[PDB]
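Residue-level structural notes
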Amino acid sequence: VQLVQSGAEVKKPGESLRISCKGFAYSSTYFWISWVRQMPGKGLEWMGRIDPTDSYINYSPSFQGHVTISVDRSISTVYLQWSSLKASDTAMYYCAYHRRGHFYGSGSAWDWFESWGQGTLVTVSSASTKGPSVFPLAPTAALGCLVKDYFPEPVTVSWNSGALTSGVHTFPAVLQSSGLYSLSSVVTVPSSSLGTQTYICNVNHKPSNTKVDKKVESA
Amino acid sequence: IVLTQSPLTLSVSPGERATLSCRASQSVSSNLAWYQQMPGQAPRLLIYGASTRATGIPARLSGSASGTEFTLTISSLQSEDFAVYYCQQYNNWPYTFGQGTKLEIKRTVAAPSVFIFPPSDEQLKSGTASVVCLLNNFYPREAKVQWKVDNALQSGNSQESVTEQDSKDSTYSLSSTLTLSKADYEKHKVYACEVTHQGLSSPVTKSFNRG
Amino acid sequence: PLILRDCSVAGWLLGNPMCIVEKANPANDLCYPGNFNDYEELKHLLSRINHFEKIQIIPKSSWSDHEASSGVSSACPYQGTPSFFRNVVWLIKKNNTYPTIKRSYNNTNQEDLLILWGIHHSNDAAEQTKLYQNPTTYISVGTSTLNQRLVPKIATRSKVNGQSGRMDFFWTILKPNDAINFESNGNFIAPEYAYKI
Ligand SMILES: *[C@@H]1O[C@H](CO)[C@@H](O)[C@H](O)[C@H]1NC(C)=O
Ligand SMILES: *[C@@H]1O[C@H](CO)[C@@H](O)[C@H](O)[C@H]1NC(C)=O
């Protein structure tokens, strides 16, 4: 089997959300599709499981009420659903395949997760889409551009259109008080190369259609 | 059921041997697995039934059990092996996992390169001011970035960010942002970040005066 | 050199709780009354016993959504409590529901394995609903050698050992790397213990 899940989602508290997971149209037989949640930095959490066949479902004692697993056996796809999302619900969501009720040897179980989906990132903040501001960090010399106050993740920063990749560090974004992200991208080049060579950081933030080139200054 | 993994972080030279532990609150009686996860990616099975390797998995990943003490062992660390390691019990549902064990690459100490950046005029013209301290290619990850403004130690008004360990020298980089209103920035003349790290002789301060 | 008591071979393998050579009419036999299907062929198979290890195949603990500990009768007694055969499991409904069961075992033991299960012929729509909730049940056991699918015959037969229903038991040999599949929404007597060969 090969599980594929729907794309990434950004939503505000109180909104409905239904992510999806297909890729198991034939199996044999008796198999569970489970939902696993993984919070930024934390370990992993089993939410529940479903048999796509006879639509039998077990929920974790931690999630029975919050969420709803479901199957449309027609198109052979499983759904995770919420009624009213919450900033807490912000996580990576995997679906995972394992065998239903198979045993072997001397009573041990055949119930480990055999196959995973790629992940579906779900984010709940909730500010609104806001494009970033792009500031020079002016100068073995070091220079950067600083990508401030945006939403949602992510941005992509390149330098000189990608012809420069040696010595570049794009730091993970950090959440601020405002619920907005700030990011820093820096690069080191020989000191003896300023004034001559042009340094431009290209910044992309598709959700707000931000496409910005900044010349990074000097003296 | 509760699985407690141990340790959470573990620094180990390439070539050597790592020993991850996981302990169960109850009996899972050998119904336990080990997955490996890398950044952005799903976990991939390594061990099932506590002892059996999955297909593809080399023989240097070993697994043993003493009733409730489960042991993963990786020998001859190649770079391919540095990631996060979870244990899971599938003895009964709700299936539970460990909290993780991050396996860090170990290298000889390396002292940071320290840079400091003034706010751009462009950013001031708005009305907010960001001063940035950059620490470059160091190891170990423990370093202390202290903001001093007019000698006065600052506190609770900066934010740090660290890169993931590097792939081609196993170092780290970090950036700290001191964020002040455009106001409160003019009433001050010197801005400095003092860095204290292991690979440094004494602390190291970079600094600048406005104009 | 192998010798029984006042257990029969059947009562023996199923593991009657009141427990070559057996007495032609033993005291303890099938607690619950019924028939042990394919009896004598099994007996012929069992005078060639070179190896015989009892091993577990599906833990009684692993029944989460059915009521395991309840398959007990005033007919299979042990220390003046109602009991039942040890080696199998008489699964009863839980919270007035009985979800279909889908279990499955793969024989990975290098050896042939002797597996034993059964079906409960309850005696009226009463006992049926009380014990399993679903009015219309089946049982479905399968390998690559066997295909069984059995409906319960609901009738009130003459009382034997206090019981107007009956229990039919079946058995099979499972070859190495063959899997057996169970599917049942009631009246299943589920294996817990099987035998090596
Ligand atoms: C037991 O059955 C009742 C009947 O509807 C249901 O309300 C209840 O949630 C059930 N409890 C469990 C633990 O399934
Ligand atoms: C039983 O397990 C073995 C070993 O894992 C496997 O090769 C075999 O195909 C399995 N049998 C069935 C019927 O699935």
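- Method of structure determination, per the deposited record: X-ray crystallography was used for this entry, reaching 3.003 Å resolution.

- Going by the annotation in the PDB entry, the name recorded for chain C is Hemagglutinin, with Influenza A virus given as the source organism.
- This entry carries the title "Crystal structure of influenza A virus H5 hemagglutinin globular head in complex with the Fab of antibody 65C6".

- The PDB entry lists chain B under the name 65C6 Light Chain, with Homo sapiens given as the organism.

1. What to know about the overall build of chain C
- Regarding its fold elements, chain C presents 3 helices and 12 strands.
- Whereas a compact globule of 197 residues would reach a radius of gyration of roughly 16 Å, chain C reaches 16 Å, a difference of no more than 12%.
- Considering only C-alpha atoms, chain C reaches an extent of 45 × 40 × 25 Å along its principal axes.
- Here chain C contributes 19 positively and 17 negatively charged side chains, and the mean placements of these two sets differ by 4 Å.

2. Details of empty space enclosed by the protein
- The volume enclosed by the largest cavity comes to roughly 110 Å³.
- Around the largest cavity, the lining comprises 14 residues; the ones closest to its centre are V174(A), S182(A), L183(A), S184(A) and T177(B).
- For the lining of the largest cavity, the secondary-structure elements that each account for two or more residues are strand 15 (141-150) and strand 19 (181-189) of chain A together with strand 16 (158-162) and strand 17 (172-181) of chain B.
- Of the residues belonging to the lining of the largest cavity, the class tally is 4 nonpolar, 9 polar and 1 charged.

3. A word on a nonpolar patch on the surface
Residues and elements named next belong to chain C.
- Nonpolar side chains collect at one region of the surface, where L2, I3, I20 and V21 lie side by side and expose about 430 Å² of accessible area between them.
- By secondary structure assignment, the location of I20 is in the loop between helix 1 (9-14) and helix 2 (39-45).
- Residue classification places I20 among the exposed positions, given a relative accessible area of 66%.

4. Things to note about the nonpolar core
- Grouped together as the largest cluster of nonpolar side chains are 96 residues, with contacts concentrated most on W116(A), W34(B), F85(C), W90(C) and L91(C).
- For this core, the element with the most residues is strand 6 (residues 113-121) of chain C, which contributes 6 residues.
- In contact with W116(A), not counting residues within four places along its chain, are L3(A), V36(A), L44(A), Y94(A), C95(A), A96(A), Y35(B), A42(B), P43(B) and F97(B).

5. A closer look at the interface of chain A and chain C
- Of the residues lining the interface, 15 residues belong to chain A; the matching set on chain C comes to 19 residues.
- Roughly 1300 Å² of surface becomes buried between chain A and chain C when both sides are summed, with 49% attributable to carbon and sulfur atoms.
- It is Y30(A), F103(A) and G105(A) that lose the most area in chain A upon contact with chain C, and together they represent 44% of the buried surface on that side.
- In this structure, the connection of chain A to chain C is made through 0 salt bridges.
- Taken together, chain A and chain C are joined by 7 residue pairs in polar contact.
- Breaking the side of chain A that touches chain C down by element, the ones donating at least two residues are strand 6 (56-59) and strand 10 (102-104) of chain A.
- Sort the elements by how many residues they give to the side of chain A that touches chain C and strand 10 of chain A lands first, with 3 residues.
- Its residues placed into classes, the side of chain A that touches chain C shows 5 nonpolar, 7 polar and 3 charged.
- Relative to strand 5 (residues 101-106) of chain C, strand 10 of chain A runs parallel, the two being bridged by 2 bridges. Paired with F103(A) across the two strands is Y105(C), which belongs to strand 5 of chain C.

6. Some thoughts on the site of ligand 2
Residues and elements named next belong to chain C.
- Residues in close proximity to ligand 2 include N106, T108, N177 and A179, which together make up its full environment.
- Between ligand 2 and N106 there is a distance of 2.4 Å, counted from an oxygen atom to a side-chain nitrogen or oxygen.
- Here a nitrogen atom of ligand 2 sits 3.1 Å away from a polar atom, N or O, in the main chain of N177.
- Compared with its free state, where it exposes 360 Å², ligand 2 has 43% of that area covered by protein.

Cut-offs used in this document
Residues numbered from 1 in each chain as written, not as in the entry; some residues may be left out. Chains lettered and ligands numbered in written order. Heavy atoms only, no water. Helix = DSSP H or I, 4+ residues; strand = E, 2+ residues; numbered from the N terminus. Rg over C-alpha atoms; globule rule 2.2 N^0.38 Å. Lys, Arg positive; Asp, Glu negative; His and termini not counted. Charge placed at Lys NZ, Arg CZ, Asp CG, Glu CD. 1 Å grid on protein atoms, 1.4 Å probe; cavity = no way out; pocket = protein on both sides within 12 Å on 5 of 7 lines; lining within 4 Å. Points joined across faces, edges and corners; volume = space filled by probe spheres on them. Nonpolar A, V, L, I, M, F, W, Y, C, P; charged D, E, K, R; others polar. Patch = residues over 30% accessible without salt bridge, like charges linked within 9 Å, V, L, I, M, F, W, Y side chains within 5 Å. Areas by Shrake-Rupley, 256 points an atom, 1.4 Å probe, with all protein chains shown as cover. Salt bridge = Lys/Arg side-chain N within 4 Å of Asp/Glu carboxyl O. Buried < 20%, exposed > 50% of the residue type's maximum accessible area, 1.4 Å probe, protein only. Core = buried A, V, L, I, M, F, W, Y, C linked by side-chain atoms within 4.5 Å. Contact = heavy atoms within 4.5 Å. Buried area = accessible area lost by both parts, 1.4 Å probe. Polar contact = N/O pair within 3.5 Å; in protein donor to acceptor, adjacent residues only side chain to side chain. Pairing = 2+ DSSP bridges. Near = heavy atom within 4 Å.

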